[PDB]
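Step one of this worksheet: look at the structure below.
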Amino acid sequence: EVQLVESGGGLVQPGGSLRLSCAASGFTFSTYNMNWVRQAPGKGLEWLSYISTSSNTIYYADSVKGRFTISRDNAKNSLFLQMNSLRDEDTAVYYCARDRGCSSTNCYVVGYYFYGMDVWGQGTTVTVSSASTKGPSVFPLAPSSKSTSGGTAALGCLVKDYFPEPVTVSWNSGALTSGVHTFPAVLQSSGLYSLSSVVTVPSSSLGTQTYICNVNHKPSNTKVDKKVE
Amino acid sequence: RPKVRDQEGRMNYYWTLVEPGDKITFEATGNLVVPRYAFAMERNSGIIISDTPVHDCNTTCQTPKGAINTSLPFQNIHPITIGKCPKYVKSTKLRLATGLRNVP
Amino acid sequence: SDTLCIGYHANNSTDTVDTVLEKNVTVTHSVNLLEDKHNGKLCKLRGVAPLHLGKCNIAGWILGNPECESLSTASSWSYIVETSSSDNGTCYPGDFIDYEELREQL
Amino acid sequence: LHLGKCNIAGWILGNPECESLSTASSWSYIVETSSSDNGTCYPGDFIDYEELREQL
Amino acid sequence: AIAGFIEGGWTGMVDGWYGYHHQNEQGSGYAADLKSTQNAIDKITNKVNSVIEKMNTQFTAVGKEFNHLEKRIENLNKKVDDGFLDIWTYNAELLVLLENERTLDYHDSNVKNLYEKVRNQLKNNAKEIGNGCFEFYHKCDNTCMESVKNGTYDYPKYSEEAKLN
Amino acid sequence: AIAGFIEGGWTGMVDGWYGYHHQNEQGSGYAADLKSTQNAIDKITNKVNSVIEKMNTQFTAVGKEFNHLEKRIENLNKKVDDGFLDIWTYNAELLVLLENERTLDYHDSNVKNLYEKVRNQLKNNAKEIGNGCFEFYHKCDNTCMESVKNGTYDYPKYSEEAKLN
Amino acid sequence: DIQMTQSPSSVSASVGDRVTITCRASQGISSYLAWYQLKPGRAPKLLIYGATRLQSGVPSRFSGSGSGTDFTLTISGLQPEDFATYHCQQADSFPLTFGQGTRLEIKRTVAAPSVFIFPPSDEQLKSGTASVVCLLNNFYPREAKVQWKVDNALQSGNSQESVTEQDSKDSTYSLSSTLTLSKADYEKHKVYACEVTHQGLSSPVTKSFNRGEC
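Chains as they are written, first to last, in the entry's author numbering: chain H, 1 to 229; chain G, 227 to 270, 273 to 332; chain F, 10 to 115; chain D, 60 to 115; chain U, 5 to 169; chain Y, 5 to 169; chain Z, 1 to 214.
In structure tokens form, the structure reads like this:
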């Protein structure tokens, strides 16, 4: 069917380059228009560039200033974006989109970008930062019974000083599901992320029942298991 | 037969036309429902299933969902029409423009 | 100093038409060629008063169903009107052969 | 629903040469073949046969 | 020429479709043409009667009832009822789409025929600033404004004063 | 206006239907209009949808089979199958013949509307030598060439230099 | 560039009510306006194009109109599956400037949060930097603040919070604040409290612990 597959993720140091790719299938590639829309964490969508079928009319955004280079191929049905001079502000999730072309229900003659974009892809995670890969620091939290009127308690673990995002935190290798809540990662001032995860337990088995906090860092392949007691 | 309206029997009703000058003939030895009245008719319309009341108005076309006085080429209410009636469409608006474009 | 400008008609009309240049175009004057209104009555056709049977259908009238006694049949009509609850027709069941031809002849 | 070498009359009557057939719970059209001769293995006059091909 | 070279119509002139707006030292106001509007109304009025008087329908019925033992002919009756409906879903909706395309083109032709009635008589005696306006280069009273409407404007009789300004 | 006053189209501009070819001291190249082409595409794209969306077909069949003991109704079925076909041999082939006659006229109307967009702004500031060409009598850079495409060409502002040459 | 402006920042309504989200452009367009439905972890879907029509596959619950710079997205058929962030996009001219975003939240009754606080363990203090985590569960709305007070003194510039999304069943949120302290400053102080300020609480709940009883 009509779909777009994004690829080209990884970790790029500032001052290097990165080339993204977008595959297209199930529709004619040499007749429609394509764009590049990214999404920063904490912001909205942002249009980057525009290209035609003949690659004659090429536009660029104000945040690009000619630093990017967008190319395509009508025979191979592919879309490329050669990015250069990457800084820390370029950390976003890059997507790929196709223009609509007309105002009717079924556009048989492709026009221009005057009626928005309809097709959208999955996207890939692109993070550009000067910090290197560092494993997370796992420290267990001490349990306590503070909910007097509710009669419950809480326990968990704190994961901090890791790179890059994200970290999937589970309990007992996915066996524990009651009260498990995963908090999102917040970037600190030192350039590293941090997140937490808690498990709501009653105060009857607080000082007797223990749990295993499983920390899984996917890009660094770091798996640290720490007993919380 | 299956019991319909507490009756296990059936009764097939038939009809025919009699030309002026023609003589009808009935001959049976049983199971004949003989007629009591006849309907003398002369013509050159169909049926309507509706719940609209009757009045002393006059029109040129009839529809089940209401009276229609057209004097218009098309209609979009009901396909079952009787008389000098306009064409039935499935559209919701077939307004023919006569004036200019209304732009202030 | 003088000014001669060609004027065109415009008003506060809300009736819109369909054109090939653009859909939903508001025009000033327009004749609704599609009859969407209805009077809700059973009027006459060319001065001939129609025949209304009420709760009985055609088969309740052409056979003489006893629940359709309160009826004054006119000497001429143009159409026959049945109801949606026309169940007091053939009180005795049966296979009315060539019944669809008789509904158009009368 | 595809009946293969058999026509509609070979399927609605249960012709023995159309045994290898998996009838689905719903369909939208019936497909016959040009060589659909393995239908009514016993001859006869199928009265009201053209209306039955549209009902199913 | 609506939403094009001309901006649009006006609500001051409600005495017809087309006309002129007088503006001189004697007065001002709206005035519609009696010759061009009445002839153009008969084009559209015969267009509505083109699909009414020519549609010679008879005193018959379109709908019919059938039994479910006659589904072989009920499918052909569906091709009679809904088959003529699918033609009337196609032909009648095309007529309203194409005659209004003709009506918007003929009203645009009524603009251009009224434009060529003015421009051929005011080649050098009027300034074309757009929006259907024609500012004279000399004095034009209410008798002069009615001459351009009826088409009785002589070119060398009024070019003696327009060439000075 | 193809094979007429204008010779024909060009293969250099493949980024649309209509446009302009710039030729001055700053550079040259092909450039299509984003306003006139996108609006004219929606006229033709709604024309294709005028016969698809309005053709409200149902989930039924057009073809049907009959027995040779029913040749009385098989002849009426021939008037249903081939009778609707003879209408569709007549009405559908007339639609492709007449809408392409409209499309070649609307593309000719897109020529004349783009011509009047240029000629009303370049009455004395351009030479009409035919084939859609307009040679200016003064300096016209890439900013001046884009002003005629969008319709932002003021006539008294550019007439100061064109009157000298 | 041609900037865009949305109002308000977040709309809190229930199922069946009317949601009015506007998006005004800085310049006149009057013919071209897009509307997207962006979801976290999923691809956005074009709902309204040109501010007059609806895209195929989009239900008829959405509606949009306007001429010039004033446009209104009227939702009179709101479903529970439509609580997401919406964005407007200008289609003419270039650049295709997107909107700011408006998060749609489920309106329910205000609930009181359950305050929890975790003392630091011995494995974190020996590393040179310890942290105290305060937990807030089962509260509404998302506008909750954590006031860190150490030895009856308000701290600032060394704390950070982390809020989750809205719950699918309880329609609540979860909050976790972390106060970062050094090793030398942890042994100097003795009292570590977590004062919670919430709209549903008539009194601020302050839970604390002892430094020598962690």
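Yeah, the Cβ is synthetic: ideal placement off N, Cα and C, and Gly gets one too.
Under the three-state DSSP convention, the category residue i falls into
| i | result |
| --- | --- |
| Y:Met59 | coil |
| D:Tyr101 | coil |
| Z:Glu143 | coil |
| F:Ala83 | coil |
| U:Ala130 | strand |
| H:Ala142 | coil |
| Z:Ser203 | coil |
| G:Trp241 | coil |
| F:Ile71 | helix |
| H:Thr200 | strand |
| H:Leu86 | coil |
| residue 116 of chain D | Because residue 116 of chain D is not part of the residues shown, which for chain D are 60 to 115, the question remains open. |
| Z:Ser12 | strand |
| F:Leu115 | coil |
| Z:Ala184 | helix |
| F:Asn21 | coil |
| U:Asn169 | coil |
| G:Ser319 | coil |
| H:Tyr32 | coil |
| Z:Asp82 | helix |
| H:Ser173 | helix |
| Z:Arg211 | helix |
| Z:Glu105 | strand |
| Z:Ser65 | strand |
| F:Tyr108 | helix |
Residue i and residue j closer than 9 Å at C-beta
| i | j | result |
| --- | --- | --- |
| D:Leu62 | D:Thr99 | no |
| Z:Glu195 | Z:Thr206 | yes |
| Z:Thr22 | Z:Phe71 | yes |
| H:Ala185 | H:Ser197 | no |
| Y:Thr64 | H:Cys107 | no |
| F:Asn48 | G:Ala325 | no |
| H:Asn216 | H:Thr208 | no |
| Y:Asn95 | U:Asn95 | yes |
| H:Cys157 | H:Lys65 | no |
| Z:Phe116 | H:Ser144 | yes |
| Y:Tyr34 | Y:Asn114 | no |
| Y:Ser40 | Y:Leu118 | yes |
| residue 4 of chain U | D:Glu110 | Residue 4 of chain U is absent from the structure shown; chain U starts at 5 and stops at 169. |
| H:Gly116 | H:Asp99 | yes |
Cβ distance (whole Å) where residue i is taken to contact residue j below 8 Å
| i | j | result |
| --- | --- | --- |
| F:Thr12 | U:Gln27 | 4 Å |
| H:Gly44 | Z:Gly64 | Actually they are not in contact, since the Cβ atoms of H:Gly44 and Z:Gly64 sit about 19 Å apart, beyond 8 Å. |
| G:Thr288 | G:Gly311 | 6 Å |
| F:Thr37 | G:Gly274 | With 8 Å as the limit, F:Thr37 and G:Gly274 do not qualify as a contact, their Cβ atoms being about 41 Å apart. |
| G:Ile308 | U:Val66 | 7 Å |
| Z:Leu78 | Z:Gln89 | Incorrect: roughly 22 Å between the Cβ atoms, too far for contact. |
beta-carbon residue i near the ligand COA non-hydrogen atom, thresh 8 Å
| i | result |
| --- | --- |
| Z:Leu96 | With respect to small molecules bound, the structure shown includes none, and the ligand COA cannot be examined in it. |
For this session: Could you tell me which uninterrupted beta strand (DSSP E) segments, each at least 3 residues in length, are contained entirely in the stretch 76-128 of chain Y, listed from first to last along the chain?
Result: Those beta strand (DSSP E) runs which fall completely within the stretch 76-128 of chain Y and span 3+ residues do not exist here.
For this session: Identify every run of the alpha helix (DSSP H) within the stretch 107-138 of chain Z, keeping only runs that are complete inside it and at least 4 residues long; order them along the chain.
Result: Listed in chain order, the complete alpha helix (DSSP H) runs (minimum 4 residues) inside the stretch 107-138 of chain Z are 122-125.
Exercise. Taking the runs of the beta strand (DSSP E) that are 3 residues or longer, which of them lie wholly in the stretch 7-58 of chain U?
Worked result: Whole beta strand (DSSP E) segments, 3+ residues: 22-27 and 32-36.
Problem set entry | Members of the stretch 104-122 of chain H near chain Z, C-beta cut-off 7 Å | Only those residues of the stretch 104-122 of chain H whose C-beta falls short of 7 Å from the nearest C-beta of chain Z are listed: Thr105, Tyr113, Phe114, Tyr115, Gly116, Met117, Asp118, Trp120, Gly121 and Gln122.
Exercise. Closer than 7 Å, Cβ to any Cβ of chain Y: which residues of the stretch 89-109 of chain D, in chain order?
Worked result: Cβ contacts with chain Y: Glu109.
For this session: Write down every uninterrupted run of the beta strand (DSSP E) in the stretch 131-160 of chain U whose length is 3 residues or greater and which is fully enclosed by it, in chain order.
Result: Fully enclosed beta strand (DSSP E) runs of 3 or longer: 137-140.
Problem set entry | Completely contained beta strand (DSSP E) runs for the stretch 88-131 of chain H, where each covers 3 or more residues | Qualifying beta strand (DSSP E) stretches, in chain order: 92-94, 97-101, 112-120 and 124-128.
Problem set entry | Members of the stretch 288-303 of chain G that neighbour chain F once the beta carbon cut-off is set at 9 Å | Within the stretch 288-303 of chain G, those residues whose Cβ lies closer than 9 Å to any Cβ of chain F are, in chain order, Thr288, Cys289, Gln290, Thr291, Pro292, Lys293, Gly294, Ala295, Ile296, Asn297, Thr298, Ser299, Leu300, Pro301, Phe302 and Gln303.
Exercise. Taking a cut of 7 Å between CB atoms, which residues from the stretch 39-61 of chain Y lie near chain U?
Worked result: For the stretch 39-61 of chain Y, which is checked against every Cβ of chain U, the residues closer than 7 Å are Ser54, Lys58, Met59, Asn60 and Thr61.
Problem set entry | Members of the stretch 19-36 of chain Y near chain H, C-beta cut-off 7 Å | Hits within the stretch, in order: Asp19.
Exercise. Taking any Cβ of chain F, which residues in the stretch 105-120 of chain U have a Cβ under 7 Å from it, in chain order?
Worked result: Taking 7 Å as the Cβ-Cβ cut-off against chain F, the residues of the stretch 105-120 of chain U that qualify are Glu105, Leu108 and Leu118.
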